[PDB]
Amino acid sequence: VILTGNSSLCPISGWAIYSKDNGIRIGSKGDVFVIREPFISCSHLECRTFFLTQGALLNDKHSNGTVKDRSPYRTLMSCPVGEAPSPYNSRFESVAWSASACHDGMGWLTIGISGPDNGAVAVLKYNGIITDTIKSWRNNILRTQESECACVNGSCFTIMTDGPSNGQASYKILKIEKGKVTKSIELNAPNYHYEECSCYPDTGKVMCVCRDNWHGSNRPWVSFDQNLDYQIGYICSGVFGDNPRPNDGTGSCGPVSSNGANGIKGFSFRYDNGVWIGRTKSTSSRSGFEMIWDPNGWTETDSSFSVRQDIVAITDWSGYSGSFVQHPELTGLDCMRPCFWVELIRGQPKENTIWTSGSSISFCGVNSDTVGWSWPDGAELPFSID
């Protein structure tokens, strides 16, 4: 089957909890990878958690976090959703310190970037066979989504960035068919900054909501059709989505400069003029998580919103978050179902350990009754290795 991707996002009123892996609690005794960015991606048959590991287990000396993030040991692996990421249940995908994956209905596409900062190379695999490579074109840390790419009608789409993370860089949309790049376009986006995009298919097109690490505390977006004809902007809501960020106030259709430097991987779902925003509860640290429905937040700059659903209390650590979808071929629904995952980061720099890892929770949007709560990581730090 080919995922057609022609349906629209399902109407939803809230988010129902889908998974929680308790990876760090389990890794206190079991053999569990130290991981980051545990993104979920689904096929027409199953959902999988992808993640990056340094090839080290929790509570082992090799978890010592003084290793660089872009190291030669870092690999992309995947395990079933909701399971602790272990060498005994994880499939190897690619050598990678930056990554993406998605399924077009016939096979898994994985994208793994490795190599040195001045000449990194993305290796594209389709069903685990190398099908293409993309080399850094600006020689300054080629990097990609750290969540699932989006597939429409037999083609898959991703965003890659090359250049500074504290200034103007270069952004490319890629169209990939059976793992071969068939088209690429560099965005003409002066004064924009795109990193770590969350992209989802919707009505035959793709929407990506990303991270401005240069000078925006609201999130940039880019949407495009199957030929990579594109539009760009920033989410206008004064419910600002990045972290760090200022207190909610008047937004902008351009980058909001106050507290704009630095950031966090996040996501949002557009519903016409409205937007569902996932964000941390703290404005200054990666703490808490909440879903906010702003019925005019895509296009209007006020800070008013209609619904807030709690996900993680502000007293608990959160982390990266990303979108994923479940297509009709998987669900049997007539619409595209939006979902998201949250990474719950424990360890350095906020806690007195030698290591850093995340566990994950995930939710799916439903048009039935839901409830806010807090589903935090739950591990008791420090560990015995510390």
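Residue positions are given as counts along the sequence shown, with the first one as 1.
Checked against the record, the higher mean CA B factor of 198-206 and 248-256 lies with 248-256.
Higher mean CA temperature factor, per the PDB entry, when comparing 300-308 with 116-124: 300-308. Which of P87, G105, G233, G163 has the largest Cα B-factor in the deposited entry comes down to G233. Within the listed group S170, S184, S100, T75, the record reports its top CA B-factor for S184.
Ranked against the other modelled residues of its chain, the C-alpha B-factor of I17 as given in the entry falls in the middle third. In the deposited entry, the Cα temperature factor of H62 sits in the bottom third of values across the chain's modelled residues. Looking at the C-alpha B-factors along this chain, the one for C339 belongs to the lowest third. Ranked by Cα temperature factor within the chain, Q326 sits in the middle third according to the deposited record. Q54 sits in the highest third of its chain by CA B factor, as recorded in the PDB entry.
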